[PDB]
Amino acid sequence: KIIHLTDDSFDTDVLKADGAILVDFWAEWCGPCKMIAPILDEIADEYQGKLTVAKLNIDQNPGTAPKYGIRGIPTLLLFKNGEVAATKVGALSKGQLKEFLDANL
């Protein structure tokens, strides 16, 4: 249920999605990134319908992150109508992601 982004599809998949999109900028070499991954899988389901979860690997796709001033990973950017509505950096826990999501949606 998670959308696996690429630099070339990021524009139409996210910036034109017309819905709530949670993008996760990660890397395979990051400890916190590996932590939150499982949590995003569960989230994708539970929030299916009112939120879409997308992941962008900054190694495979190095062109997107810079435009958003990424300084830490995992970075969670919640998009809505082509713009960043809210951003949170860190391996949040299941519950913390929920508070965050429910609050911004």
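Numbers for residues come from their place in the sequence shown, where the first is 1.
Enquirer: May I ask you to compare 47 to 55 and 28 to 36 by their mean CA B factor in the entry and name the higher one?
Expert: According to the PDB entry, the answer is 47 to 55.
Enquirer: Which is higher on average in the deposited entry, the C-alpha temperature factors of 37 to 45 or of 71 to 79?
Expert: Comparing averages over the C-alpha atoms only gives 37 to 45.
Enquirer: Identify, among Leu15, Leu97, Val23, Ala91, the residue whose C-alpha carries the highest B-factor in the deposited PDB entry.
Expert: Comparing C-alpha B-factors across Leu15, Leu97, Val23, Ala91, the top value belongs to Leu97.
Enquirer: Taking the values exactly as deposited, rank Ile3 by C-alpha B-factor within its chain and report the matching third: lowest, middle or highest.
Expert: According to the entry, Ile3 has a C-alpha B-factor in the chain's middle third.
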